[PDB]
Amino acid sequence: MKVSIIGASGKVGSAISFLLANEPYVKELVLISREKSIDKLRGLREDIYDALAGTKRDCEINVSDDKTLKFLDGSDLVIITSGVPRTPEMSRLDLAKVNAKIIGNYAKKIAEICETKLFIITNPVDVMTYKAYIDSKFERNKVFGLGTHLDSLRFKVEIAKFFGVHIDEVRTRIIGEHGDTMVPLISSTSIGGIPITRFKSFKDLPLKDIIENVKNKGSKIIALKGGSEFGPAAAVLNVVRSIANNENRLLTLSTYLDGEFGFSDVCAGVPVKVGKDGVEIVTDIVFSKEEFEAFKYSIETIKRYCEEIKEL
């Protein structure tokens, strides 16, 4: 497998670079940054090589700038983490506009070079996935974002720590926006494979507070250590593992909707099977009326931003 990472000079991109280089199937990794940051990438490469010597793994790493995009051609996957730091004097809309310009430029250049799969991490992840889709002119299954996957994993942590179980014993799914209008699917939450509603202690779960913790966790980590790096990198690792061996894992990822669930012209976190050819939306799942109404509200929340940045 061949993976390029645009934004490897940041903390998230660097953690992703390290984790993916360590995967046995990742034979070639391409780190891409602005010209001024090339040296950072050169440091990262060396660091990662040292790390591989310790983990008994191997990889060949190339470095290029974000204009020529050399070595990008032929990539099975391009992960984009490039994004501006949102200053306190900015709105969600300001961040959306600026990062939309960045993501659209990169998507157009990538589409000019080759056909590949785009994995968007830049926030607002749903809106940036939408921008990447429209500007790349790729097939919609080839463009997806981390979206609510991270949220699901954080929710998992909460559940696992409240019930005092191994974190991997918990599975959960969150659909909709990677934001305050996210819709956790309690019906799709389980421990040891058993639905969480089948537990008598389920009544003791402070679900409302837990969901608020999930919605706030990104801001919390920003305030405490300056932002997440390992969490999102490992979520990306999980998705990439599904892609590399064509596992078709049922996850929640942001992708473009062309009629599914009665919605169109919007990117949102939905149930998807992730495999070598990208993302297939799973419509075979049945939602409760409450969950579907919250999902509708979330999609309509995303669409305002998408409309605002579509043609930038």
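Residues carry their position along the shown sequence, with the first being 1.
- For the pair 81-89 and 188-196, the mean Cα B-factor is higher in 81-89.
- Averaged over their C-alpha atoms, the temperature factors of 206-214 and 158-166 are higher for 206-214.
- Highest C-alpha temperature factor among 235, 103, 95, 143, as the PDB entry reports it: 95.
- Annotation for 75, 136, 152, 201: 201 ranks highest, by Cα B-factor.
- In this PDB entry, the Cα temperature factor of residue 271 sits in the middle third of its chain's modelled residues.
- Ranked against the other modelled residues of its chain, the C-alpha B-factor of residue 257 as given in the entry falls in the highest third.
- In the deposited entry, the Cα temperature factor of residue 265 sits in the top third of values across the chain's modelled residues.
- Among the modelled residues of its chain, residue 179 has a C-alpha B-factor that falls in the highest third according to the deposited record.
- Residue 242: CA B factor in the lowest third of modelled residues in this chain (values from the PDB entry).
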